[PDB]
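For this one, two forms of the same chain are given in structure tokens, first as structure 1 and then as structure 2.
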Structure 1
């Protein structure tokens, strides 16, 4: 390696000495993939009768010099194409004085006619060949992939495919959404008062205003302000920020999508979610059957629906449901399971925590859990029959929470009361409790039509579609400890 670096650096020095070492005038007219799709099925005789002269450019990955002729493999955006480099085809001295002196990793440009070798390999009989960029380091533990993605992308075909599929999926979500009358929007990333979820925010200071501002933990309250203003079908895909452990299954910043449609309840959201996945699986993967890890989910089949209580009873059948109707009982129950009950918690929270311990990890196949207690749903419409629970649902796949949506609370007086409770909880030590957003209440006071909103964790979604098992395998540049 140390010898490799010196060698390459000496070679660069020679280049500088004779002119331009870093030229930018070479132009290519094809990527390997195009050449492949169009010519991989044509007979050598056919290709020979058509002097299809192309020019490509990319990174020299392999080379086999057999005196007077060499076979090189070039890699560009689309993949690899094979070059046939022969002394007598290139200009005088190029093959010996230049080509043979180049290193693997070097970026080169080539021009020549297409043909096929006796194997069925599409190749380019080079007539012009030139060095565009000298690589000073040799072509390339699990941390390196994340700390230097560019290396990962060069080596790993699978790593590339994952990120390409990522872009395909995002493009498909926007198209799905737009086809249904939704309009994409951009709401503030820096907020005076954070909200829309329960999490520890990042804080940054604006100097000009001397104002402390928070990085968005959710765009919810702003999106809903647009529904009051008339944008009745609105959605947004962008980042949220949260102060938590880097976890190796977490990242301080991640991509979320939120959507709100007026004149709709959560039931409409359940259908939309099912259609979204079925469609994405169908379009991007070709199947509604998605093999993830040691599992096969079927997205072309309606998902399971269980109320939170059904889920608890199902995964801990010895549970006396009566215990969940009384604070003291639920508390003691919670503690027996090993749940440390904080002082700010009420019955609904204790019940939810019990749910998280007991049932969450067993929710492998796509499941919707419904009827969340009011206490843990500050922004969700109360159920008409039982106002102690809200018309909210969460959505799980592979034992992890993928989505969260609900019939929105458009009762300003109730919203205000719910925010007050949040403040009291914050005073009592719940530092994830929400802030009282006075302006949001005011917006509701002008009138929010009955609405349903849904949030979906996009990174998590991308994991399922690429069989990636860490959130870090699906984010180009994950957070690390430099």
Structure 2
């Protein structure tokens, strides 16, 4: 209770004492090894070996634990690579350091140590310190679950599992780039500020550029710009960056999230299906050591093909009582839709209602890797029409763990059709659809110059990271998730 305030008072008083002595906050100590390096290299050597090698190293980190036993102590130092034990002895350090300094320090304090490696009777790798310094005084003692999000640094200091989650996220992004580049893809960068937002359907964030007295939009998707690059000649491009959607927070929704969009000319959605399967198998194998991944109560085998269902087969499979003929009739579909809780807006058509039904009915049950094809043209304004049935498109979305992970399709490279579809989106917007697309004249012009047959894929990176770190809330894979006021 009050013992905490005594901790705050004592650390502050110790700091004041540091200031009277000299520079309380130096920046002079330099280390040459991190704990993980020392371990990877010397964990297999016995004390006899280490005695002869007589390796002196320098490390620095946070004092996590400390057991003072008179003239000698044991300290656990935590750094970027993990933890390493220090053997701090009064007679090994310069006169007075052990008693006048070391013993006056506190857990949480950042310290630097230089000394010889050896192993304790316990067999643990440790450093016999010949030099020890206080680099940074911690004014606060070492540390619902929203606290972990409101002060991620504390979450990272305290929980090894949180740290590993984020290190795996980095390993995954690096592996994705290596994977993409090995396939001749080039990473580009398009605008995050757009005069005309597009490439998806969502409520956007609006801002104002003072210099140009112009209203701008945070991008909801880089699609329209990436395909312009394909027209220009960069036939294998990809971008990995944020998208911003003015929607609410959820266990699978952050208003700003990371997405990877890729485009490859002379390919169709089938080529995206193989690329996607190959990417997951690679990430699992390369990052987790195996293709069988445990996620909650399930196990995904990324060494096996994903399941493939059409949107209608998915509705029928997860709501078997459904009279499928209902979906081929607006009045019947509207009724079906509303009967399950969907508020059918007046701008919606058959294809939109069916997609909404699929979302409500099947989405959550797609636990094992699954591709859902045959997305209606009405909800896919930028996708290539199906050769046989124009009302559906060469589009698919894939799901894992009951969540939408990606969205990919054979791109629409028919400028006249693109214009019409943009017009329909504009009519819809005028009819109430506040998420409908804006008409983009320049995009249509780019298409008029000629876009090669192309296939594009969009994968939610945050959601994909959940599946590889066994996280069940997107907030567990985003360092600083959007917090409610």
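Here the rigid core means the biggest group of C-alpha atoms that line up within 1.5 Å when the two forms are laid on top of each other. Residue numbers count along the first chain shown, from 1.
Comparing C-alpha positions between structure 1 and structure 2 after a rigid core fit, one residue in 131, 218, 339, 409 moves 2 angstroms or more. It is 339. With the core superposed, residue 157 shows a C-alpha displacement below 2 Å between structure 1 and structure 2.
After superposition on the rigid core, the Cα atom of residue 247 is displaced by 2 Å or more between structure 1 and structure 2. Put the two forms on the same core and the Cα of residue 321 is off by 2 Å or more between structure 1 and structure 2. Core-superposed comparison between structure 1 and structure 2: residue 309 shows a Cα shift of 1.5 Å. Note on residue 429: its Cα is shifted 0.6 Å between structure 1 and structure 2, core used for superposition.
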